[PDB]
Structure formats: C-alpha cells, structure tokens
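Inside the fold
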Amino acid sequence: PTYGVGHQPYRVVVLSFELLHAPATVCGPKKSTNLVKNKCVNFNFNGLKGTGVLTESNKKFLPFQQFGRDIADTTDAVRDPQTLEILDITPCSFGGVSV
Amino acid sequence: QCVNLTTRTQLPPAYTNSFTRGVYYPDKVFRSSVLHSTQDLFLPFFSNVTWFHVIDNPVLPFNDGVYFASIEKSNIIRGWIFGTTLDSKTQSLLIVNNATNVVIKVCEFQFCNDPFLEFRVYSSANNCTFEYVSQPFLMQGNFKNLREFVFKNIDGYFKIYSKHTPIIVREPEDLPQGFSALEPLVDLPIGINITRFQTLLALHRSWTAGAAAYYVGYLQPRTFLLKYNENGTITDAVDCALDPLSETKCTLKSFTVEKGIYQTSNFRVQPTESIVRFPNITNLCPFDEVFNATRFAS
Amino acid sequence: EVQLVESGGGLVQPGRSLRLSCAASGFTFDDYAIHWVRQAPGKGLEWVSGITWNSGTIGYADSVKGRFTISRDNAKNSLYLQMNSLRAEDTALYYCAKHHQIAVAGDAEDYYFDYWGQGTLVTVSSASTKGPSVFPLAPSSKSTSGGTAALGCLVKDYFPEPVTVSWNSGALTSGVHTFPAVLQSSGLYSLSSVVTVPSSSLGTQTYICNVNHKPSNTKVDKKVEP
Amino acid sequence: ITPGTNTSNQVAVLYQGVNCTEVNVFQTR
Amino acid sequence: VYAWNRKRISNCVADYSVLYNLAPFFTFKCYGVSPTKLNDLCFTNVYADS
Ligand SMILES: *[C@@H]1O[C@H](CO)[C@@H](O)[C@H](O)[C@H]1NC(C)=O
Ligand SMILES: *[C@@H]1O[C@H](CO)[C@@H](O)[C@H](O)[C@H]1NC(C)=O
Ligand SMILES: *[C@@H]1O[C@H](CO)[C@@H](O)[C@H](O)[C@H]1NC(C)=O
C-alpha cells in the first residue's frame, strides 16, 4: 500500500453479450410512467400500443388472462401489470363532420 | 441405484377411447359469450390414447405434446423427465413435485435405465442454466383425484397446462365424461430441445404402489371452435375432424344449426406413386476409350 | 451426498512438482469455498491455501508462499493445487475441505470447514517405490470355537503407504482387522489383515486379497488355500 | 344434409361429381 | 489474469445503472454498444470475467 497510481490493485471485469436462438431473456430493467386515468391518452400494456380511454370497467377476468377482446379483432380490455385491475380501453372521441 | 421389486410379472401397453377432453386456452385473451376458432396443437376427440395402468415406465417419444391424464388416490406420480437422450451427453430436464413445493432443473443430468422416486434418480449432475422456485404445488374418501398436464414446445417455451377436479364416480380405469379446460399455470423460458418423455413414480415401499394410470396422448394440429362463456370459461368445443356435422358447425359457427344443406368441405382423392417416365438411353458417350485406353504420353 | 474425491499423490523426489486434484460431487461448485489443509501423521493439521466460491485466492501459509499455487476450475467441478520445490517438511495428508456458508456478497471474512474428505499421502523423499509381496497366510486347522481360524495377507516391502485391501469386489464390511504398517528399520512397511473365516465347507469367501498400491501399480489376484 | 341440431344428430353426406365409385349409398343426378 | 472466473447469468432483469455507483476513477469504455442504449437490446446470456 505504497505504490504509485499505476501499480495499485485494479478490479477489472468484462461483460460478454451473446445473441443465440433463445426465448425472451434479460432485456432492460423496466419502464413505468405513472399511469393516470382521466382522459384519452396513449397506453403501453406490455406490448399493446394502441389508443383509447381508460375506464376501469367491472369485468371479471381470469388470473392467467391479461388481455380482453370482443368480436372485433381488436383489444378492448387490458389488465394492469402492477395492480390486478380490469381496465377497458374505449376508443378516443371520433366521428364525422357535416356542414 | 437401479432396483426392481418382485411380483412384476407383466404389463403390456393397452389402449382406451378418450372422450371429448383436452382443450386448453391457446392464448391469454378474454372472450365473453362469443365463439372463436384457433389453429394450434390440440388433442383430437375420440382418439386412441395409451392405457398405462400404474399397478413399468417406458420411454415414450415426445413428438408435439402429451396429455398425461392421471386418476389416483395418492401422490405417487410426482415427477416427469424430459430430454432428447436422457443421459449426460446432451441437455435434459426434470419437473419434480415435492410434498411442499415444485422444483425444475435443466442441469445436464445422467439418468439410469430406470429412474424412480429424494434425489436418487440421476447419478452425476452438471451445471444448470435455469431454475424456478414454484411457490405452490402443481400436483377424502369416495372422491378420487383427477389431474391432467399438457406439455408443448413451440420455439423455446414449455407453457405447462394443468387442471385438477375431483372425480365423483368410479370406473375401471376409464376417462370420465363431461368437459374440462386446461388452465395455464407456469411458463418456462428454458429453451430445451426435447424429443422423448419419461415419467417419475414414487414407491414408499418401506410393496405399496396403490393404483393409478397415466394416459399419454399425442397432440396434432387441429381447428377447434371454442365456447367462451360470459365469465371467460370454456363450456364445450368442436374437434372439426368428426362426422361432417362437426365441419358444418365449424363453417357455420353455431351450436343450433337449422335445417338445410350446407357446403362444408371439398373432397380430393390424393395420389399414390411418383412415376417418372423418360425415354431409352442411346448413343453413350465415348468414356470407354478415355478411361479404358491403352497408352498415354506424358 | 457430498463426495469430495481426491486424486493425485505419491512418492516424488525432493525438488520436483506434482498436480493434485479434488473432484467435487453432490453440491454446486459455484457457491461453496473449498480449501487445502495438510495433516502430518500424529502432528496436527496445517492449512495450505483456499479459494472462495469464485476464482479468488484467500492466501497461503507462512511457509508455502512462492512455491504453491492453487487454481479453481468451475467448469469441470474440480479444485487443483500445484506444488513446486517440495522439501522434506511437506510429507502430510493433504485434505480437501469445503465451506458451510454460501459466501454472500456483503459479509465478513469468516471461513470454516464443513465437509471433509480422505486425503492423498504425498511423501517426498529420496527412496524409490518397491513392489508389494502378498502371501497367503495359512488358515491352520486349530479349531476350538466356531470362527477361531483366520486367514489373511502378508503384504510387505513397500515404501509408500497408500494401501487399500479388498476381498471380493470392495465389499464384505464385516470384521476385518487391518493392522497398521511399521517401518522395519529399512523404509519398507508390512500389512496384514484378519477375517472371521468360519468353518470352511465350500460356503466361505472367495479367498482373494486384492491390494492396490498407486506408486507401485500392480494388480495382485493370488488366492489363499489352507 | 342435416335436419338440425334440435331433433336429431344424423347427417347425410352429398358428394358432387362422383359416381359412388371414387369415394345406403344411392346415385342421383 | 490467467485464471479468470466466468459467471453465467440466467433469466432476470439487469439494471445497467448501478455500475457507476462505486468508488470514483472507474472506466466505462464499451465496444459496439453504449451505456445510454444498453437497456434497449435483448441478450440471452451475459458472461462476467473478473
Ligand atoms: C407492484 O408494486 C406495487 C407498489 O409497491 C404493489 O402495490 C403491487 O402489489 C405490486 N404488484 C405485484 C404483483 O408485485
Ligand atoms: C358467471 O358469473 C356470474 C356471477 O357470479 C354467474 O351468475 C354465472 O352463472 C356465471 N356463469 C358461468 C357459470 O360461467
Ligand atoms: C473397361 O473395360 C472393362 C472390361 O471390358 C469393363 O468392365 C469396364 O466397364 C470398362 N470401363 C469403362 C470406362 O467403360
């Protein structure tokens, strides 16, 4: 413990990043944005990146189920990943303008 | 070490007629009072499933998946063994279900010629690449215990299904009637390439084997018409491979089809030979005077 | 459960080198520290070196620095110890001891052994290895009680002592009094065993004394007859 | 041909363009 | 430096932000990647060589 700066113990560790045919392994810590439910805003519920109005309907899903779809080929209800809630994404306000 | 009790005369494989049972949720999507058609690896209805009575543990292949229906009054069947070679040469996988938890290890194990259940199933272990805790356990009197576990492997995922329901009637080792859905319990990012299957039976001799039976049923790609109720559960389904009434119900999705004639399929008699007809050989090339010549120069 | 089998060891000249191994089996060779500790015959033990769960040297003694180098191989699950410039004070039973704790990240350095092995006799001298001499001790016909007659072997003329005697295949754990060896003022030793040997009526052991000596590798399969 | 899933479950397959030799079996036009 | 450990990581969620919390005077030179875009790509197995 008297050597110069160029001879002190240096703990060196390198990291290797492989990419093979494997399932969805470690990728990013997380990403949250403090979800607020008051208006029509964008949402990202673990893959779904559509638009709509969060309403928190009174549906009764199953534990393994995470998404909800009626007969429209489009998601209309999602489960919050953090809190075990049952939401309902009704689409934003749209229509047609007549003069 | 490998052991073998006495009174083990003979038990040749048998076959049973599995009724409408073995439908699982193909996706994590909620559906209320609507029908849905999906193309996945399901179990055909009225198929021919093996009848291994647990009163012998052969190594059966794992082509696309198994059903593994079990009816017993104990906890003798509490493990499975997966792998392509079932030795220390390639990777392996086992799913042991302890009396208080479930463990899964992908160490490069080395199984003997007759695994049986402690950890006296493998001789030499190796490094694992994946492990999971499995806080709950996966696997009364007249009411026995019915359990079935569907196993698949699409790209790297296992996606184990399970459903336990007490059977109230007694039958000479036959699958019960009714309908039952397989709920997805755990998923595995393990990513192993398995091609064979092996079960794990407990002994508790201290012989007391009880009575059980595992029904291994291979899965085939079919198209089912599910019946999602208003609470997300499945009430019934259509195999779409039975009598043409089934295919009519598929192409006219309902369960109260009215009176009339409907076009459902299209027959097609399919080939049975690969005949190739070319003309005769003639005027062979002069390769008999260049490979069977007399003298060369240099 | 834990089987810390140790390989490598024998008679070597002072000033040479050898490689010791300890193949682990039963636990995971990625979360338990394994050390090396010698034990002179009837003169206590002595710690040599050790490695933590990862590849890390925890130090040496005050007499093995610069000559001994320990290495860990997590891929093959075996701990190795290199010995250079062996002297006369390096003759002891080098053991392969494990550690009880899992060696978590933030703790205090405190290593204590939990699983021990058998060790390999690493003798360092100028003598040479000698071949054993097994002899079929005659089970004399003195018959007073049931098992008063006894037969054994008369292994002698061997400098190293990694002696292991077998009877049929490495079995018959019944009463077998294997007497310790003794230096007969010439460096050699002498081994002998005594069995029950009940009334011989073609219903007894195969009369075989398998003696394995690593520095003098030779498979002796001579039988014993009255 | 199906009377409907309300009184019975029997059906009657009707192939089109087959002489009943390339598949009671009757031959209509 | 000749006998380096190689730790095999399994399925988890790696937070590449505590790496710059230790004592000062530490390098963070990457090769082919960047710390700002580190938590964007997906990797199967990461090996640490000490
Ligand atoms: C997620 O974290 C929130 C906040 O601590 C907690 O209330 C919630 O129960 C957690 N959910 C799960 C399933 O971990
Ligand atoms: C669905 O849940 C409701 C409310 O509990 C219940 O009245 C109804 O019978 C259930 N239907 C089924 C059996 O799916
Ligand atoms: C060469 O001659 C022999 C004997 O006639 C015959 O069997 C062989 O096929 C000939 N090879 C060639 C190159 O045609």
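Going by the header, the method for this PDB entry is cryo-EM, and the resolution given is 3.34 Å.

Across the boundary between the two partners, chain B contributes 11 residues, which contact 13 residues of chain D. Considered class by class, the residues forming the side of chain B that touches chain D number 7 nonpolar, 2 polar and 2 charged.

Attention shifts here to the state of the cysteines. Residues and elements named next belong to chain B. With the rule as written, the count across this model stands at 6 disulfides over all chains. With a sulfur-sulfur separation of 2.0 Å, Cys107 is cross-linked through a disulfide to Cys128. In this structure the cystine formed by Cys107 and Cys128 twists about its S-S bond by roughly -115°; its chirality is therefore left-handed. Take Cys107: its relative accessible area is 9%, and that puts it in the buried class.

Let us now look at the site of ligand 2. Residue and element names in this part refer to chain B. Around ligand 2, the surrounding shell consists of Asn229, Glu230, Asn231 and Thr233. Contact distances for ligand 2 include 2.4 Å between an oxygen atom and a side-chain N or O atom of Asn231. About the coverage of ligand 2: the protein hides 30% of its 360 Å² of free accessible area. Considering only residue class, the shell around ligand 2 consists of no nonpolar, 3 polar and 1 charged.

Contacts are most numerous between chains A and E, considering all 5 pairs of chains that are in contact. There is a clear gap between chain C and chain D: no contact, and 62 Å between their nearest C-alpha atoms.

Bringing the interface of chain E and chain A into the picture now. The interface of chain E with chain A comprises 22 residues on the first partner and 16 residues on the second. Here chain E meets chain A over a buried area of about 1800 Å², counting both sides, of which 65% is carbon and sulfur. A per-residue breakdown of the area chain E buries against chain A is headed by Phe43, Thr44 and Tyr47 of chain E, which together make up 30% of the total. Scanning the region where chain E abuts chain A turns up 0 salt bridges. Joining chain E to chain A, the criterion identifies 5 residue pairs in polar contact. Take the side of chain E that touches chain A: its biggest share by element is 4 residues, from strand β2 (residues 46–49) of chain E. Residue composition of the side of chain E that touches chain A, grouped by class: 12 nonpolar, 6 polar and 4 charged. With 4 bridges joining them, strand β1 (residues 14–17) of chain A and β2 of chain E adopt antiparallel strand pairing. Its bridge partner lying in β2 of chain E, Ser16 of chain A is registered against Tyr47 of chain E.

What counts, and at which threshold
Residues numbered from 1 in each chain as written, not as in the entry; some residues may be left out. Chains lettered and ligands numbered in written order. Part of a larger assembly, values for the part shown. Heavy atoms only, no water. Residues with missing side-chain atoms left out of burial classes, pairs and counts. Contact = heavy atoms within 4.5 Å. Nonpolar A, V, L, I, M, F, W, Y, C, P; charged D, E, K, R; others polar. Disulfide = S-S within 2.5 Å. Buried < 20%, exposed > 50% of the residue type's maximum accessible area, 1.4 Å probe, protein only. Near = heavy atom within 4 Å. Polar contact = N/O pair within 3.5 Å; in protein donor to acceptor, adjacent residues only side chain to side chain. Areas by Shrake-Rupley, 256 points an atom, 1.4 Å probe, with all protein chains shown as cover. Buried area = accessible area lost by both parts, 1.4 Å probe. Salt bridge = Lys/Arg side-chain N within 4 Å of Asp/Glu carboxyl O. Helix = DSSP H or I, 4+ residues; strand = E, 2+ residues; numbered from the N terminus. Pairing = 2+ DSSP bridges.

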